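Here's a solo chain for you in structure tokens, the form deposited in one PDB entry.
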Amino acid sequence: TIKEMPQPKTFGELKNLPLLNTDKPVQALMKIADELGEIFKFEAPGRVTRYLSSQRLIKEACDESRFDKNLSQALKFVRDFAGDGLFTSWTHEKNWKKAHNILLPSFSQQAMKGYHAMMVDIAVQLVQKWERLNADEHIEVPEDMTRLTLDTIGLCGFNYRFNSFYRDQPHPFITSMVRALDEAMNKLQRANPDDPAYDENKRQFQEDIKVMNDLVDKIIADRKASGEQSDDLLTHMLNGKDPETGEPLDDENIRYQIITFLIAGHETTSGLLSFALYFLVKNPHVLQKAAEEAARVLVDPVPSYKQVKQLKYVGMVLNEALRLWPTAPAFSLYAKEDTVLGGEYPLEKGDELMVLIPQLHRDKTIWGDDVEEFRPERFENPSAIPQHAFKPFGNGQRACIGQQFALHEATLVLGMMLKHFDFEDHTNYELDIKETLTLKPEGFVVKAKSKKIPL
């Protein structure tokens, strides 16, 4: 039985476009989904998309025989500097499958043993920073988690030290990367982008792209010249051959992969740690259980690879933070052919869907009535979760290549944080979620009291 799709309020000839004229568009779309339900049409001059929020429909959207990854306008704007790297390439572009085949073994769970020592290097810098704070001082949580995640991907990725724990001002590459990401996201709600009023934006955008290309191209050239085999992603990309084509990646594509990894490993990854610590300080019984596990498992001055794998409750804490506030909160699909979604919604070839991940993760038919409660134990029996209910890393062959890397990093540093410190929500922090490329708890601060356990 073919059904008419709900649609939020319109603004005459602008249709729904002004609803995304807001600094919190994901949260705005979540409130629309609360009102309209599992699917709604969103129209703007010259475009239509459909926002999905239910496991019932998203399980069908996740069928790779019917739907492929679409580049959202967000991704198309980011492609001006991430090029045909893995994140901003179409599945049908030669460089997508070549890079996928070359890089997948470098990102496997087994590959994490090789990155572990470098991850420990940066995690120990974070612990030392907090051990060295004076009594009257607090922690700026997203700021420090971003120092950790950026430095970890730079060191593990390219053997490059951003030295974020030695700085107040971002590294110049990061200044340019953040300003380019801001400009990409600002262009989403910029009417009349060719207005000469935006000439200075365009000049600054080009300058920022040049900064990024110059440093990354120089790192690649320097590595090729030295012949150093540093067993990092860059070594793996210079040496690796796609089994299918038999070709390696070219230097330009390697640059795009590095820029892509640095984007993803910045606030997108540090957001998970920031939300996890937010939920732990707001749920003291959960924090106590996580801290008990950290003390029981992390018996050595430095965590081992196997000990991080042992932090099962810490893993469930991270999955429960990804459930409520997934930090890459949407992805886009297109219909490969004419098809009917959920027996009710006919789609034509090319028709676009958006998956609103935070709303999927609040589907009471999956999670039950308590969907707003932070309860890591809901991940104790993962075989009981229906297909495609939990999608913080996207879908299928276009799922996050960084999933094992991100969860290993996050589990290691959260375990060390819980072993080494007691935490205080000293301001009774009121959650304020800032939306950029990603989501973060803006202004989240805590005090950490050392347990005085040596490293």
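One rule holds for the numbers: they count along the sequence shown, beginning at 1.
Stretch comparison (332-340 versus 182-190) by mean CA B-factor in the PDB entry places 182-190 on top. Mean CA B-factor, 419-427 versus 389-397: the higher value falls on 419-427. Of the residues listed, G271, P376, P196, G154, the entry assigns the biggest Cα temperature factor to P196.
In the PDB entry, the Cα temperature factor peaks, among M119, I102, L324, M212, at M212.
Among all modelled residues in this chain, the alpha-carbon of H171 has a temperature factor (C-alpha) in the highest third. Ranked within its chain, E352 lands in the middle third, by CA B factor from the PDB record.
Among all modelled residues in its chain, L36 ranks in the middle third by Cα B-factor. Ranked by C-alpha B-factor against the other modelled residues of its chain, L126 falls in the lowest third. Ranked within its chain, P358 lands in the lowest third, by CA B factor from the PDB record.
Just so you know, the form deposited in another entry exists too; it's not on screen, but the next bit is about it.
Of the candidates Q110, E348, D168, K364, only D168 lies at a hinge (point where C-alphas switch from fitting one rigid part better to fitting the other better) between this form and the one not shown.
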